[PDB]
Structure formats: C-alpha cells, structure tokens
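Working through the structure, step by step
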There are 2 protein chains.
Amino acid sequence: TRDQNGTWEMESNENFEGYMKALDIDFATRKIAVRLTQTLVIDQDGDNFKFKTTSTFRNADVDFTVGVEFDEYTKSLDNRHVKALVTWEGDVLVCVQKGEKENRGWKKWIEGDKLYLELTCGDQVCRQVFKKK
Amino acid sequence: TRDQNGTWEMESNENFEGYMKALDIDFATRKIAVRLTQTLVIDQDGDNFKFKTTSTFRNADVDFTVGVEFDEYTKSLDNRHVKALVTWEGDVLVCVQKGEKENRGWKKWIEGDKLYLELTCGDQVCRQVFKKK
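Residues numbered from 1 in each chain as written, not as in the entry; some residues may be left out. Chains lettered and ligands numbered in written order. Heavy atoms only, no water.

Per the deposition metadata, X-ray crystallography was the technique used to determine this entry, at a resolution of 2.080 Å.

The name recorded for chain A in the PDB entry is Retinol-binding protein 2, from Homo sapiens. Per UniProt, chain A has the following entry under Function: "Intracellular transport of retinol." The UniProt entry for chain A carries this comment under Subcellular location: "Cytoplasm". (UniProt positions renumbered as here; feature names shortened; annotations may be inferred.)

Dropping the structure here:
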C-alpha cells in the first residue's frame, strides 16, 4: 500500500551515529540524539503529506519512601552521587540532596490542577509548573 | 492535598539554564535540554513514591506534495538548505534532498504493520523501523 497514514513509534534505529556524522552534527548533540526514540504522525491525503515528529527520551525511574534516605546518581543531569532525603512540610514534598553541591534539592506541591516544582542548586532556583493530564 | 498521583505535563520551566549551569552541565547539553518538555508520571501509595519521567521535543512539521520540489532547512539536524523532491517508486516513497551533501535523501515504505525508513548521506545509511500504534 501507498497509505502511510498513522502514528508510528520507532522500534529500531541503526547507524544513526554514522548518518549524523556524515551530516557533521557535533559530538555532544550526537551523544544525546542516539538515545532518543521517535514518534512520527503521518497525515496523508492522496499525494499531500504532513509529517509531525516528536523525539523522546525515557529517564530512569526514581523510587523512594518519605523519611528514608536513599542514594541517587543523577545520570539524568550531572551524574553525581547524592544522598537524598524526602520529607513532608505540610502538603509540600521536600527533598534535600546531600552531596558536593550546596543547597541542592527540590520542593513539590499541588495547587488545584497544577503541580509546582522548585529545583534549587547553590543560589539558582528553577520553577516548573505541570498540568494534570 | 498530599496526593500527587497522576500524569503531569510540563507547562512552564523558568531558569532551567541557571540551575543546569550551577550543576556544571556542559553548553551543548544545556542548549538542547532547554528545549525539552517533561512528562512526569507519579505513582504514590501512602509515603511510597515512583517517579517516571520522559522528556520530549517537538520537531517542526514538514508539509509537501509528491512531485513538487520544496525548500527545506534541516533545523532538526544540520540546519542546511536542501531542495527536496519526493516521488513514488511503486509503494516506496522516495525523497532526494538536493544540496551540498552528496546522495542525501530517504526512502519510506510500509510492510505489514511496520514502517521502514532508510536515511542516506554520502556512503552512510541509517535504517529505522516503526510500529503502527
């Protein structure tokens, strides 16, 4: 069939590294791109095509119990070992990540249909808002 | 509420650049990470938590009609201008991307529930297989 309509989820991706290198994509980009999976939405009407591509990476799960310290390696980010302790302050979930970096941690809380997340390291604060889907 | 169960889709992300820099994440990674959106699946049973995070980037749409050449800038990849021409060879969708790079293009075809995609540049070939979802 010529009908390529649909949502397509990447199963395999061989020699993406060599293709990207032949395009002169730089090392640090290739290092990340080779880890992604791709979803392709093809909307086809006769010979008219619309391609919609999203690229995706799954991070490692994190499992913990409130009140019991656990070891973390932040492979997702700086790949450091921290000793993380999560506690409740009211309805605010508070994590201190004990390690090399000062004042490293986060706070998480629900307000309405929004989840608020405040990441901290040193004097820097990053504020993220999520919507319940 | 202390109930943070759910699937959460990132709405906003402020000062992620400063947080990542304070963690000494390198430039080329920060350049890409600041473009991602995050989906957080929180599975909470009492004080036991499972966090499942996927990070996501939406690429630009590509719209074309079989048989009419169109201009492309490959912002997704090497950010080059090519003149792309898509034609059918049987049920195989064939694209030649005319530009600086020799033998640059791709071929796409359905076999069963699988979509096959072959990207080419120079002497390099990248083979991707997608599953219909």
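**A word on the state of the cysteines**
Residues and elements named next belong to chain B. For the structure on display, the rule yields zero disulfides over all chains. Here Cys95 is not cross-linked by a disulfide; its sulfur's nearest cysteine counterpart is in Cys121, at 12 Å. In this structure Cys95 comes out as buried when scored by relative accessible area, which is 4%. (Disulfide = S-S within 2.5 Å. Buried < 20%, exposed > 50% of the residue type's maximum accessible area, 1.4 Å probe, protein only.)

**Observations regarding the pairing of strand β9 (residues 114-121) of chain B**
All names here are of chain B. β9 sits mainly inside the fold: six of its eight residues count as buried. In the sheet, strand β8 (residues 105-111) pairs with β9 via seven bridges, with the strands oriented antiparallel. Paired with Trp109 across the bridge in β9 is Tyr116. Connecting the antiparallel pair β8 and β9 is a turn made up of two residues, with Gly112 showing a positive phi of about 75°. The sheet contact formed by β9 and strand β10 (residues 124-132) spans eight bridges and is antiparallel. Looking across to β10, one finds that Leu117 is bridged to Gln128. (Helix = DSSP H or I, 4+ residues; strand = E, 2+ residues; numbered from the N terminus. Pairing = 2+ DSSP bridges.)

**Describing the relation of the copies chain B and chain A**
With an RMSD of 0.0 Å, chain B superimposes on chain A once it is rotated by 180° and translated 0.0 Å along the axis. Taken together, these values place the two copies in the relation of a two-fold axis. Of every C-alpha in chain B, the one belonging to B:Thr56 sits nearest the axis of rotation, 2.3 Å from it. Most of the interface of chain B is mirrored in chain A, where 100% of its interface residues are also at the interface. (Least-squares fit on C-alpha atoms. Contact = heavy atoms within 4.5 Å.)

**Describing the interface of chain B and chain A**
Taken together, the contacts link 77 residues of chain B with 77 residues of chain A. A combined buried area of about 7,400 Å² lies between chain B and chain A, and 57% of that area is made up of carbon and sulfur atoms. If you sort the residues of chain B by the area they bury against chain A, B:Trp8, B:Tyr19 and B:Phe51 come out on top, with a joint share of 10%. The interface formed by chain B and chain A contains six salt bridges. In this structure, B:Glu11 and A:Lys114 form a salt bridge, with 3.1 Å as the shortest nitrogen-oxygen distance. Among the elements that line the side of chain B that touches chain A, the one with the most residues is strand β3 (residues 48-58) of chain B, at eleven residues. (Buried area = accessible area lost by both parts, 1.4 Å probe. Salt bridge = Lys/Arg side-chain N within 4 Å of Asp/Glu carboxyl O.)

**Quick word on the side chain of A:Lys108**
With respect to the helices, strands and loops of the structure, A:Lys108 is situated in strand β8 (residues 105-111). The buried charged residue A:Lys108 lacks any salt bridge, with A:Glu72 as its nearest oppositely charged partner at 9.4 Å. In contact with A:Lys108, other than residues within four places in its own chain, are A:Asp91, A:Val92, A:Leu93, A:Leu115, A:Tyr116, A:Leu117, B:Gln4, B:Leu40, B:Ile42 and B:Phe51. (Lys, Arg positive; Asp, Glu negative; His and termini not counted.)

**Observations regarding the packing of aromatic side chains**
Evaluation of the coordinates by the stated rule reveals 16 aromatic pairs over all chains. Between A:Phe49 and B:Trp88, the ring centres sit 6.2 Å apart and the planes meet at 55°, which makes this aromatic pair tilted. Highlighted residues: A:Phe49 in strand β3 (residues 48-58) and B:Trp88 in strand β6 (residues 81-89), drawn from two different chains. Among the residues examined, A:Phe49 registers a relative accessible area of 1% and is labelled buried. For the pair A:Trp106 and B:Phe51, a centre-to-centre distance of 6.2 Å together with 55° between the ring planes defines the contact as tilted. Placement of the pair is A:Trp106 in strand β8 and B:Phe51 in strand β3, with the two residues belonging to separate chains. For the residue pair A:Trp106 and B:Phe51, the accessibility class agrees, reading buried in each case. A network of ring pairs unites the aromatic residues A:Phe49, A:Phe51, B:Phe64, B:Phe70, B:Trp88 and B:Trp106 as a single cluster. Sitting over the ring of A:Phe27, A:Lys31 keeps its end group 4.7 Å from the ring centre. When the ring centre of B:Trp106 is taken as origin, the NZ or CZ atom of B:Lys108, which lies over that ring, is 4.4 Å away. (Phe/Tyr/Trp six-rings, centres within 6.5 Å; stacked < 30°, edge-to-face > 60°. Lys NZ or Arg CZ within 6 Å of the ring centre and 35° of its normal.)

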